[PDB]
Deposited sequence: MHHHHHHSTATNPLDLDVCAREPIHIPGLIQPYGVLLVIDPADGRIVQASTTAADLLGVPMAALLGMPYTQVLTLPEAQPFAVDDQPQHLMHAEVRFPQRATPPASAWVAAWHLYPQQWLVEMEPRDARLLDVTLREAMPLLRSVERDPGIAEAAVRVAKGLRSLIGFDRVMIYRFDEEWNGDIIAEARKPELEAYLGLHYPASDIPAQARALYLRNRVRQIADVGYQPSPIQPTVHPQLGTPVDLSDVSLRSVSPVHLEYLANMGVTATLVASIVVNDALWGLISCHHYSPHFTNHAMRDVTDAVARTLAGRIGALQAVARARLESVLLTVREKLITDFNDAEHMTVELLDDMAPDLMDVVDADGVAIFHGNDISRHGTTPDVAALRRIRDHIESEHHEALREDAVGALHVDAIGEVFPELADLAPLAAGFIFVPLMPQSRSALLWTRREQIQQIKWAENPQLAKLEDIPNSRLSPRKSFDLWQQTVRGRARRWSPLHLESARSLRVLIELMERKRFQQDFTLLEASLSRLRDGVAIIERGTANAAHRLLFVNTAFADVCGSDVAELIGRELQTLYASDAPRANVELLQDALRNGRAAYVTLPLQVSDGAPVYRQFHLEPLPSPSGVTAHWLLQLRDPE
C-alpha cells in the first residue's frame, strides 16, 4: 500500500482468481494437501473430505500424466479434465495444466472455452505473416493492436516499450472510438514493480478475467507438512495485487490480457489488452496471443539489427568524407563538418549539433540559443568505459549553473576538436518531456484525472513527467564510442595538417599492405595516420574504420605476446622493429622510421 507495494511478494498471495481451481498435490502418494475454495463445487466433494484425498479419486486425466521431477521443473500444457464425484457434469468442459516441481505438484484447472467463439492459429496466420513483412516497429505494433482487437475481442489493445530505467511508453493503441486514447502516454517504472515485470516475462501471457472477482483462498494456506506458502509464479490463476485492482477499477477496466514482448531474451515491453466488461481468455487464445507476441518480438529484433547496420555504414561514410574531403588542404575540417551535420546527428541519435570555431557557432538541429551554446562550452572549459569526451544525460544534475538549458540540451556530447584550438563539437538531446507525441494524440493534453482516485493514467503521466524532468534519453555506450572515435579521427587529420604534408601518401596509396603511423608526441598513443586497401583486406576492417585506430588495437589478438616489449621499446624511442606477430591470422610487421612506415 502506497510505498511498501514496490517490494510486495505477489507470487505467494494465498489466493487465486475464482474462474478456475487449484490443487497442491503430494508427488509420492497423490494426496491433495491444499486446494482453493472453488475446488468443492467443481469436484462436487466437500472441502474437508477433499483435503487429504488422492487426485485420482476426484479427477480424471485421459491425456498427459503427472510425473516425478528431480532437477528442472516440467510444465504440462492444458488438457481435458473430468470430475467422477460430481452429481451432474459441469455446464462447460474443463481443461487442466500441471506444474511439476521436485517436492510439490500444482494442478490448475479452468473452463476449456469462454462464452465466445475460439480463434485458431489458422485465423491468426495472415496477421502473423503480415507482422513478419512490416517495414517498421511502429507499423508492426499498430497492426498487432488492431489484429489482436479483432481476433480476441478486446475493447482496447496497447503496445508498451520499456526504456533502460523500465519506464513505459504507449507506442501503439487500438480502441473502441468512445474510449479515452492513452496513446503517447508514458508512466514511471514504479507503476509495474520488478517482480510484476519478472512474472510477465516468466508467464508469457497473464490474464485478469474479472477485476471485481471474489478472491478464492488456498486452503489450509501453508503446506500441511512443509509449512511453506504456495509459490504461484507459474500459476496463471494467481491473484492480482489489490493496488493494481484499484488502478483498473478507477479506469472502469474489468478484464486484462497482458503478453510479453521478449527481444534477445530480455523484456522489451508488453501487449496490454483492456476490456470494460469481464473477459475470460481461454488457453487456446492465450496460445494464439503468445504466438502473436513472439512474431512482433521477432520482427522488432530484425528491424533493430537492420538499424544497427544502417548506422554503422552512415558512421563509416562520415569517417571516409573526413579523411578524403580534408586532403583538399584548402578546405577547413570545421567547414565540411557543417555540411555533414545531419549525418553527424544520426551517428549518435542527437536532436541537434553546434559546431564551434572560436566565437563563431553554427547550429544544425534542435539546439539552444548561441548565447546558451557559449555558456555551455565556457562552463565546461572553466571546469577543465574510457572515451575522450564529456557527456551528460541531465545537464542541471551535473552543472546546476546550466540547469535552465535542460529543454534543448538536457543531454549533450562535448568533444574539443584540438584542445590547443577553440574549435569543438556539441551534440545535443532535448529533455524527455519535449519528445511527447501530442500530435499523434491531441486528446493527451486534454486528458483529465479520475476524481476521488488514489491511482490513475493522469497521476501516472504526471509522475513520469516529474521523474524525467531535465533529463534526456541516456546515451548508449555505442553512441558514446562513435563520438570519441570521431574526435580521434578529426584531431588526427587536424594534426596531419601541420605535421610534414606530402605527396608520398598519394604514392603509397597507388602501390599494392602499407600504413603510415604517427608518433603521437609522447601523449595518448601511436595511431594509424594513413592505410592502404590491401592492409584493410588482410585486417578485415574498412580503410576509414582502420585510420585513427591504435597500433595495439591492430594486434587486438591477445594470443601472440612473446615480443610486444620488443615492439614497444622501438615505439617509446623511435627505432625500427622487424618482429612478426598475428592480428584479426599470422602476418609480418615491418616497421621503419616522426612517422613509421609499416607493411604486412
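Colleague: Do you know which deposited regions have no coordinates at all?
Modeller: Gaps in the modelled chain, taken against the deposited sequence, lie at 1-14, 399-404, 533-534, 607-612, 622-629, 637-640.
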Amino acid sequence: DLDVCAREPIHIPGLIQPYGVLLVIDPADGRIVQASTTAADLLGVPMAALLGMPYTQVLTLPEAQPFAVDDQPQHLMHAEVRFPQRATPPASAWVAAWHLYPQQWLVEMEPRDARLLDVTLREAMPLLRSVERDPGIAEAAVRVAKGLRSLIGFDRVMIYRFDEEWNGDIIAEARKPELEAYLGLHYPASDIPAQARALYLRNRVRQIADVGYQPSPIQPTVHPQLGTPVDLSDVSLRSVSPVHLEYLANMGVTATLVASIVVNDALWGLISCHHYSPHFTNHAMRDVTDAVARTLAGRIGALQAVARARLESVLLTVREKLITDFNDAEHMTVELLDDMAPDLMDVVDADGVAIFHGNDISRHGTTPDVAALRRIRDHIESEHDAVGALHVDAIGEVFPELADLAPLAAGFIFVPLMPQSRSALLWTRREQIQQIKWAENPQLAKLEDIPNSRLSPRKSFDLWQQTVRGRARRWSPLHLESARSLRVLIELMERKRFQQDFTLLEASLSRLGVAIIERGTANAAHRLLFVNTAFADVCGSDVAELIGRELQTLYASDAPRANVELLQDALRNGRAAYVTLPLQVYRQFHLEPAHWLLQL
From here on, numbers count along this sequence of modelled residues.
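Colleague: On average, which has the higher Cα B-factor in the deposited entry, 75-83 or 523-531?
Modeller: Mean C-alpha B-factor is greater for 523-531.
Colleague: What stretch has the higher average Cα B-factor here, 566-574 or 27-35?
Modeller: 566-574 has the higher mean C-alpha B-factor.
Colleague: Between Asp191, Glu139, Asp265, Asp328, let me know which has the highest C-alpha B-factor in the entry?
Modeller: In the PDB entry, the greatest C-alpha B-factor among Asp191, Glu139, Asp265, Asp328 is found at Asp328.
Colleague: Have a look at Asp501, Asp462, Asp404, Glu178 and flag the one whose Cα has the highest B-factor in the entry.
Modeller: That would be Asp501, according to the entry.
Colleague: Considering every modelled residue of the chain and its Cα B-factor in the PDB entry, is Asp231 in the lowest, middle or highest third?
Modeller: Tercile = lowest for this residue's CA B-factor.
Colleague: What third of its chain's C-alpha B-factors does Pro477 belong to: lowest, middle or highest?
Modeller: Ranked within chain, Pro477 CA B lands in the middle tercile.
Colleague: For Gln225, does the deposited CA B-factor place it in the lowest, middle or highest third of the chain?
Modeller: Its C-alpha B-factor, which the entry lists for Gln225, ranks in the highest third among residues of this chain.
Colleague: Ranked by Cα temperature factor within the chain, is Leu42 in the lowest third, the middle third or the highest third?
Modeller: Lowest third of the chain for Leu42's C-alpha B-factor.
Colleague: Determine, from the deposited record, the chain-internal third of the Cα B-factor for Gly20: lowest, middle or highest.
Modeller: For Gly20, whose C-alpha B-factor we compare with every modelled residue in the chain, the answer is the lowest third.
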